[PDB]
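Protein chains in written order, with the deposited numbering: chain O, 2 to 117; chain Z, 2 to 57; chain V, 2 to 93; chain M, 1 to 136; chain W, 6 to 80.
Here a beta-carbon is modelled for each residue, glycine too, at the ideal position from N, C-alpha and C.
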Amino acid sequence: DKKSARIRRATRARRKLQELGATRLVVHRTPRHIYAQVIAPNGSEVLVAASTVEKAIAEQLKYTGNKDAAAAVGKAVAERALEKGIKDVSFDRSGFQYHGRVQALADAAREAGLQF
Amino acid sequence: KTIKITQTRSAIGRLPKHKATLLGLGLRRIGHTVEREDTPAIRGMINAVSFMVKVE
Amino acid sequence: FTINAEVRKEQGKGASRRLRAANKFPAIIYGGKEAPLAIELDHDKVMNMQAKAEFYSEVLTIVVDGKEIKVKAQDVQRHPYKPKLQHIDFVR
Amino acid sequence: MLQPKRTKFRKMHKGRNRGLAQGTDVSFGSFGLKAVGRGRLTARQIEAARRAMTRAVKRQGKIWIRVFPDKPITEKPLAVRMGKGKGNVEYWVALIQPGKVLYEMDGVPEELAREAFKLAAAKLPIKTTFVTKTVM
Amino acid sequence: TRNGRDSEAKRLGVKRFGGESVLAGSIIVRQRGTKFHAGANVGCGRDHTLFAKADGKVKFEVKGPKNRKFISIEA
RNA sequence: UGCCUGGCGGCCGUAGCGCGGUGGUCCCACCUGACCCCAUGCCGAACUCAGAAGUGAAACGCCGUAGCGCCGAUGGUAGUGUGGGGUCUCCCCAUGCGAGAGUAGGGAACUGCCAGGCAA
RNA sequence: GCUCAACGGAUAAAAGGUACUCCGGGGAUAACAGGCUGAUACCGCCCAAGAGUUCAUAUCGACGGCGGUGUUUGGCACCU
RNA sequence: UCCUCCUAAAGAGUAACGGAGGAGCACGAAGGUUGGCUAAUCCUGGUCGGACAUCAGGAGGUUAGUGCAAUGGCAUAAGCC
RNA sequence: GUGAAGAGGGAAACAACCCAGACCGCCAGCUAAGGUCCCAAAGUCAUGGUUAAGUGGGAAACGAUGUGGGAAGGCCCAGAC
Ligand SMILES: [Mg+2]
Ligand SMILES: [Mg+2]
Ligand SMILES: [Mg+2]
Ligand SMILES: [Mg+2]
Ligand SMILES: [Mg+2]
Ligand SMILES: [Mg+2]
Ligand SMILES: [Mg+2]
Ligand SMILES: [Mg+2]
Ligand SMILES: [Mg+2]
Ligand SMILES: [Mg+2]
Ligand SMILES: [Mg+2]
Ligand SMILES: [Mg+2]
Ligand SMILES: [Mg+2]
Ligand SMILES: [Mg+2]
Ligand SMILES: [Mg+2]
Ligand SMILES: [Mg+2]
Ligand SMILES: [Mg+2]
Ligand SMILES: [Mg+2]
Ligand SMILES: [Mg+2]
Ligand SMILES: [Mg+2]
Ligand SMILES: [Mg+2]
Ligand SMILES: [Mg+2]
Ligand SMILES: [Mg+2]
Ligand SMILES: [Mg+2]
Ligand SMILES: [Mg+2]
Ligand SMILES: [Mg+2]
Ligand SMILES: [Mg+2]
Ligand SMILES: [Mg+2]
Ligand SMILES: [Mg+2]
Ligand SMILES: [Mg+2]
Ligand SMILES: [Mg+2]
Ligand SMILES: [Mg+2]
Ligand SMILES: [Mg+2]
Ligand SMILES: [Mg+2]
Ligand SMILES: [Mg+2]
Ligand SMILES: [Mg+2]
């Protein structure tokens, strides 16, 4: 069972980060598709959300689940987040090891404008 | 509405609490008709020393 | 197997013991969608009624304020050493 | 002579024999010997009572013992002063409250039952009574 | 006799109880293992000691999947 | 509007197990291979990347089931604060408070923020 | 730089005898006797497995139990 | 002298020549941090190999582990690389 | 809590038990514990029962047609003990 191993891997960062009261950028990498969303410090309501599941994003891209797509999501989070009125957030990788698609998302997020 | 309290026993071999409660009611010595207004507190203070007091 | 039983008004340790020391003892009826009803009843009768086995199986028609309630004796609290009943749990 | 086969601790506090017992109903057998009075049975008394019971009802009649000592009693040696440690363990005792069923018995008549328990009850220090298992 | 030794007592337990107002830095609970856990505006010292990280009143609660006593502060 | 999934919670067992089925239009899950980025203290099993032929087999989600765990009165019982009394290694009475255990029953949950796709 | 461990460390440095004794005190603390207690002791009883040719109870009486006395060995240290 | 449990009467504290146990250190990795893993004990199979070495799965699930006593802790692991 | 450091009344006498806290006086009254036939202040008081042991006015296991109370079941006019 992967999921339950990934949750307890991700719990420390979550509990540590929610204690400070930081607006956190949560990411969920799937084998096909990738999800990203900014959650309020209370940990209840989503401020901004973005993924390759949206047809506006999917019609432009070639394949939905790679670095050059995750970068385009990471950009789309940053472009919305500035319009909504957000700038300072904290990245929550959520068990997924920071290296590939998530790094391509993060780099694309902080290259675009979002501040973390 | 008033309630006339009286002391009917000694305050000698009593507990510090019960020596205090009489001090709160204003019962100095045996045979002392005091009058206090009826409240939830005062009835609690009577009830706390019910043995050594009387209501009128 | 009819027993004339009274409804309680006082209840608690102080009441239960004053009752239990008067050739009577407390019991209770419950079960179904109806409300649970507390019972005062005579000791001497119910002490003799439980001699037979039928008491712990058959239906008992307990008479209360005219009305006959059909019940079965679920549980009973024996007195620690003396041969006597402290409490009965009747089920409807 | 009954005794705990190994324990956590050697010496135990005196405590206080208080309240009422739990093993009140006759569980296994048909008849039993209930303790009316308060007290404490030694390991010797239980054996001594069991011997007198078993011998009264012959080979037949199954017996159960509900009590077990598991509480070591100390004693100071003779001609020794107070203090200087706690005394050494002499005998073991079960504390007995009112309404503790001590012994049970099954596979005999009520006529021959009571006569067995009357012999046992004489060996014990506690005031006792005969009791019967009832259907609920 | 191979007995008659004992340590000095520590003065452990709770010092500030539910609803009591505390100042930043005040010790709330002084315990050995984390029997109480740090919540909002509470830290945990190297001695497993729960102390206020802000001014306000003490709130004892029970939360989490495994069900543990969390201490928190709200101003 | 509902019917479904996904993440994120809240609530921390009436919410969890064992059984009984059921989902693949998307969705997720195996899956698919491994110039590559990265990976193994041996291993693409794990993490990772490139993917889109398959099956919903494992896992999951949902529906139904009490076979369990769990929740749980009313009444009584133990205990006990205060003041008395006794036959005073322990009990009893007035007056508060009042368990645990147990029983009748309830019970396989319940709801927030966005994101898709199907009947409109 | 100290088992200053007699661990708030009296000195850097310290064991014994006294029936040859002495002074100051103490019934704050022992020996004798008294007191309180009664484990022990001694004296009774309860149960009755057996002994007693047979038959527990003429005489005995295991295993255990319940008392009395203040006659032992003691405990306590209340009087001196 | 110091530490842990009980005595200790559900805040702290609490005596006895009361009941049980320990310490007079250890470590430049056994500290720091970042990424990943999760135990005991059984069961069945398998060369030398047996009740027990190493391997594979399944049951159990934290009955382990925590540099040294006991207590209170620990899966977000304070456990293990 | 009391004594110590608190007298007084009661428990025959009895620091610590029960009742109650003495500023001084009075040949006044009402009460607490405890009492009320005589020593010795006050009920040979009233109502219905218990005890016959001088219990009351030291005590256990255990023993026994001692005696006073309710509640059920056993047997009779085919006439029981
Ligand atoms: Mg008094
Ligand atoms: Mg109540
Ligand atoms: Mg101490
Ligand atoms: Mg300490
Ligand atoms: Mg399936
Ligand atoms: Mg209740
Ligand atoms: Mg309950
Ligand atoms: Mg010193
Ligand atoms: Mg010191
Ligand atoms: Mg000479
Ligand atoms: Mg000289
Ligand atoms: Mg001299
Ligand atoms: Mg002296
Ligand atoms: Mg003296
Ligand atoms: Mg002295
Ligand atoms: Mg001295
Ligand atoms: Mg002497
Ligand atoms: Mg003498
Ligand atoms: Mg002597
Ligand atoms: Mg002495
Ligand atoms: Mg002394
Ligand atoms: Mg003298
Ligand atoms: Mg304490
Ligand atoms: Mg306390
Ligand atoms: Mg000590
Ligand atoms: Mg880590
Ligand atoms: Mg570490
Ligand atoms: Mg003095
Ligand atoms: Mg007088
Ligand atoms: Mg006099
Ligand atoms: Mg005296
Ligand atoms: Mg007294
Ligand atoms: Mg009195
Ligand atoms: Mg008189
Ligand atoms: Mg005179
Ligand atoms: Mg007179």
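The stretch 57–76 of chain M contacting the stretch 99–107 of chain M, beta-carbon criterion three pairs below 8 Å: Touching, per the Cβ criterion.
Taking all protein chains shown into account, decide if residue 9/Z is buried (16 or more other Cβ within 10 angstroms of its Cβ) or exposed. Within the second sequence, numbered from 1, the residue matching residue 9/Z stands at position 8. By the 10 Å Cβ count, residue 9/Z comes out exposed.
Measuring only the C-alpha atoms, how far is residue 163/O from residue 29/O? Here chain O comprises residues numbered 2 to 117, so residue 163/O is not present and cannot be evaluated.
When you compare the CB of residue 21/V with every CB in chain M, is at least one pair closer than 9 Å? Residue numbering aside, residue 21/V sits at position 20 when the third sequence is read from its first letter. Look at residue 21/V: its C-beta is not under 9 Å from any C-beta on chain M.
In three-state DSSP terms, what is residue 56/V? For this step, residue 56/V is matched to residue 55 along the third sequence. For residue 56/V, the three-state secondary structure derived from DSSP is helix.
9 Å Cβ cutoff, residue 139/M in contact with chain V: Here chain M covers residues 1 to 136 and nothing more, so residue 139/M does not appear.
Residues sharing a beta bridge with residue 88/M, DSSP: Looking up residue 88/M in the fourth sequence gives position 88. Looking at the DSSP assignment, residue 88/M forms a beta bridge with 75/M.
Buried or exposed for residue 28/W, going by 16 or more other Cβ atoms inside 10 Å? Start at 1 with the first residue of the fifth sequence, and residue 28/W comes out as number 23. With fewer than 16 Cβ atoms within 10 Å of its Cβ, residue 28/W is classed as exposed.
Sort out for me which residues DSSP pairs residue 43/W with in a bridge. Residue mapping note: residue 43/W aligns to position 38 of the fifth sequence, counting from 1. Residue pairing from DSSP places residue 43/W in a beta bridge opposite 76/W.
Which runs of the alpha helix (DSSP H) spanning at least 4 residues fall entirely within the stretch 35–80 of chain M, listed in chain order? With a minimum length of 4 residues, the continuous alpha helix (DSSP H) runs that stay inside the stretch 35–80 of chain M are 43–56.
From residue 17/O to residue 85/M, what distance separates their C-alpha atoms? Here residue 17/O refers to the residue found at position 16 when the first sequence is read from its first residue. Here residue 85/M refers to the residue found at position 85 when the fourth sequence is read from its first residue. Distance from the CA of residue 17/O to the CA of residue 85/M, rounded to the nearest whole angstrom, comes to 54 Å.
Element boundaries [alpha helix (DSSP H), containing residue 28/V]: Walking along the third sequence from the start, residue 28/V turns up at place 27. DSSP places residue 28/V in no alpha helix (DSSP H) but in the uninterrupted beta strand (DSSP E) bounded by 25–31.
One or two residues paired with residue 40/V in a DSSP bridge: Here residue 40/V refers to the residue found at position 39 when the third sequence is read from its first residue. Residue 40/V pairs with 8/V and 28/V.
Considering only C-alpha positions, which residue in the set 92/O, 109/O, 62/O and 106/O is nearest to residue 117/O? As a first step, residue 117/O is located in the first sequence; it is residue number 116 there, counting from the start. It is 92/O.
Less than 8 Å between the CB atoms is what I'm expecting for residue 61/W and residue 46/W, so what's the real figure, rounded? As a first step, residue 61/W is located in the fifth sequence; it is residue number 56 there, counting from the start. As a first step, residue 46/W is located in the fifth sequence; it is residue number 41 there, counting from the start. Their Cβ separation, rounded to whole angstroms, is 7 Å, which keeps residue 61/W and residue 46/W in contact under 8 Å.
Run down chain M in chain order and give the residues with a C-beta less than 9 Å from the C-beta of residue 54/V. On the third sequence, residue 54/V is found 53 positions in, with the first residue counted as 1. Within chain M, the C-beta atoms nearer than 9 Å to that of residue 54/V come from 135, in chain order.
Listed by chain order, chain M residues near residue 77/V by CB distance under 8 Å: Along the third sequence, read from residue 1 onward, the residue named residue 77/V stands at position 76. Within chain M, the residues near residue 77/V are 136.
Taking 8 Å as the limit between beta carbons, can you name the residues of its chain near residue 74/M, skipping five residues before and five after? Taking the first residue of the fourth sequence as position 1, residue 74/M is located at position 74. Closer than 8 Å at the Cβ level, and outside the excluded window around residue 74/M, lie 11, 86, 87, 88, 89 and 90.
Could you give the DSSP three-state label for residue 115/O: helix, strand or coil? In the first sequence, residue 115/O corresponds to position 114, counting from 1. In the structure shown, residue 115/O sits in coil (DSSP, three-state: anything other than H, G, I, E or B).
Leaving out the 5 sequence neighbours to the left and right, which residues in its chain are closer than 6 Å to residue 49/M when beta-carbon positions are compared? To locate residue 49/M, count along the fourth sequence from 1; it is residue 49. Non-local C-beta neighbours of residue 49/M in its own chain, meaning closer than 6 Å and more than five positions away in sequence, comprise 120, 123 and 124, ordered along the chain.
Within 9 Å (strictly less), CB to CB, does residue 81/V reach chain M? Reading the third sequence from its first residue, position 80 is the one you call residue 81/V. A Cβ of chain M is located within less than 9 Å of the beta carbon of residue 81/V.
Which chain M residues sit within Cβ distance under 8 Å of residue 31/V? Numbered from 1 along the third sequence, position 30 holds the residue referred to as residue 31/V. None at all; the shortest Cβ gap to chain M is about 17 Å.
9 Å Cβ cutoff, residue 36/M in contact with chain V: As a position in the fourth sequence, residue 36/M is number 36, starting the count at 1. Answer yes: the Cβ-Cβ gap between residue 36/M and chain V drops below 9 Å somewhere.
For residue 129/M, which residues in chain V fall below 8 Å Cβ to Cβ? Within the fourth sequence, numbered from 1, the residue matching residue 129/M stands at position 129. Ordered by position in chain V, the residues that pass the 8 Å Cβ test against residue 129/M are 82.
Across the stretch 40–55 of chain Z and the stretch 5–24 of chain V, are there enough close Cβ pairs to call them in contact, namely three or more that are closer than 8 Å? No, the stretch 40–55 of chain Z does not touch the stretch 5–24 of chain V.
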